[PDB]
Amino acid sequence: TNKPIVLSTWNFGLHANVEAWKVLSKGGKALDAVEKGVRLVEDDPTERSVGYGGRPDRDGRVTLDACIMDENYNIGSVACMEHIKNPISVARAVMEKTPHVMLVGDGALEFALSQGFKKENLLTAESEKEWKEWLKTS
């Protein structure tokens, strides 16, 4: 068997894989590995497709979607969450600290903050500008 091994989407997935490997190569759990990896792209404002720096909706709001799944069918997810940079961690929090598996909208942020997650402005001046530019045509 080829283990340990990690797979991630797109070119930026290469650098994200390195953060996951740090956990895998040391014999860490896959759950902690896949979390630390995608989080790297969440904190990166140059990657406007994930978390911080992500392009907003038509209203100019940056809503994030994320879900996690371990090796024993334990799942966690959050959809349409605002102000939280790392939704992947909130999803895990919902998985471990909640009797539910999926939270959305305000209920997601509320729970998130209640867990110690900070509120931040995920809309970068660069994404806000590209947005306004789009508003013109549509």
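Each residue number is its position in the shown sequence, starting from 1.
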Would 109-117 or 69-77 have the larger average of its C-alpha temperature factors, as given in the entry?
109-117
Mean B factor on CA atoms, stretches 127-135 and 3-11, record says higher is 127-135
If you compare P87, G28, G37, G60, which has the highest Cα B-factor in the entry?
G60
Grab the CA temperature factor for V18 from the record and place it in the lowest, middle or highest third of its chain.
middle
Going by what the PDB entry lists, where does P56 fall on CA B-factor within its chain: lowest, middle or highest third?
lowest
Sorting the chain's CA B-factors, does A93 end up in the lowest, middle or highest third?
highest
Rank-wise, by C-alpha B-factor, drop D43 into the lowest, middle or highest third of its chain.
highest
